[PDB]
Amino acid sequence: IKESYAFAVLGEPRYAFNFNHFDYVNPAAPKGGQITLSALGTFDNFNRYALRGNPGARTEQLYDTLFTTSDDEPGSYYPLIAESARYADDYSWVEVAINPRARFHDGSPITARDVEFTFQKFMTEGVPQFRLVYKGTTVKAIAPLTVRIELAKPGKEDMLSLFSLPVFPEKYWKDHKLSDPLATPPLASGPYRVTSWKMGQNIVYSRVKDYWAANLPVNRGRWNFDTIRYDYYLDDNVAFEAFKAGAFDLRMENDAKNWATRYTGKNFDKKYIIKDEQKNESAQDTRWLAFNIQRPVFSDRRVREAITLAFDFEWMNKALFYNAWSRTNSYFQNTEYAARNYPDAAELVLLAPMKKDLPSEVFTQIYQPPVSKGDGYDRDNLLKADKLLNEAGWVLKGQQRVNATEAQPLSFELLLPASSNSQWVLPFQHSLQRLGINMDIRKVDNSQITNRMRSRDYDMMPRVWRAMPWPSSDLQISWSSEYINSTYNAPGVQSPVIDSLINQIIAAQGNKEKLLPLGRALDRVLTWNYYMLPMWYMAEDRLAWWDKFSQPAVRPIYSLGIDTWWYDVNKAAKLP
């Protein structure tokens, strides 16, 4: 019925008419030069899609996809390997036309068969959540350059997400299981190719100079550097010192003390290094500490509420962090879907049927993480923590909390990446000790952190909840019970309340008017159950770089736009 060259999850695509290049690029940007970047931890293989292993920097971008997303919109799709698509009004089937000029790096064509092969490969050797999400979906080459996708139930976002699948060359991947790590880079297709590396230490990408899609609208003014090099550092302090010394070119500064007090010295005086701070109005990544609620120590909501009360954010922000941070308080932070007011009538129609299985505060209060006076030793909050612990059966015997029936101490392990700056850890450990709670600290390397995060082999560990601009069907992978082993369910929660709210969200894909009370209602359930302990976020981007680059006039809303930068040989000439 319909045929289009652009798509959007909600509303209309911004570049629907006369699309020559994005607003946030310089179409005339020159090619050449190197950018060197840091990475924290280590890596051991090149397959981002395997069941295990520690994949190298940028290995999620080795392959082009059927459509690609703009960076100044939440979810709009524009042609890459595909030229266009025909589709049913409900998006339950689509026929994708493949660009006949599309090529892998060895010069061979990308065909409809490669896409069909790619879907079956993920279905049979991929991450276990893929065959669950696309249960009943088929992907079939119906012509040499036409792929037909059919969904067994309506899912406009699930359809559009298949446009982001990497398109694998069958001629290489027929000889490699998708679940196995790769010691060597696979045959690929994107604008940059791995050309050298040292296992665990560096990866070098080279610009593909005859890249078949270099002049497509989505690519104009992007992929300008001839070389992108990643050097690995074991902790962020030595990385920050290497940046100041000139060892790499660009730093995203996530430490408040570094920004407030350490952007000093010869290289800043002579303006060799540029420091930039821009406010950011869009959806925000948030930091949390995950409670593993499958372990007895964190199975009681009252214990999780009490440990949250012991986390003195106002003191940390004032005494340690130069008042730089804002407190995390939503799984839809800084969007319309955050539950920052009282439930309206539409939300109550969604929530009231489940009042038996909900904390009563969902209906009567706005969720607010604990606030202290910032002086330290908050009497009100620590008295309330004691009150909740006693009710849950953890009582003081001597100086240590002990189960009132068994007599087993209240004790747990905080699992920590050795690479992180963790100035907040000892203050939190001290506050818990004053409640009689023992928290052991275990710092481990990047490979053990990845292995144990995936298997949930922890009592508590830090987790980042990525920015979610609308209530996406991805939510089921992180929260719904059948996806408990996807590696994205940090607390280990299997709740029929969550499941019903997310099943309604998945049934309303692409329908904003109904996703709005659904998202706010889900936010209330996730926050009021204290599945995780809210830390902090900042709505500004703090960046610094050596002055060898120039940038477009406009920065994209949803990323920093580094792939639109270029090497400026006049500015570079002025550096030592």
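Numbering starts at 1 and runs along the sequence shown.
Checked against the record, the higher mean CA B factor of 37-45 and 507-515 lies with 507-515.
For the segment pair 72-80 and 277-285, the entry gives 277-285 the higher mean B-factor, averaged over Cα atoms. Residues shown: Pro109, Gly398, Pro491, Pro427. Highest C-alpha temperature factor in the entry: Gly398. Remark: of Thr308, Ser206, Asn390, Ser447, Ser447 shows the highest value [criterion: C-alpha B-factor in the PDB entry]. Ranked by Cα temperature factor within the chain, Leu560 sits in the middle third according to the deposited record. For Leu351, the recorded CA B-factor ranks within the highest third of the chain. Only modelled residues enter the ranking.
Among the modelled residues of the chain, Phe412 sits in the lowest third by CA temperature factor in this PDB entry. Ranked against the other modelled residues of its chain, the C-alpha B-factor of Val94 as given in the entry falls in the lowest third.
For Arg148, the recorded CA temperature factor ranks within the lowest third of the chain's modelled residues.
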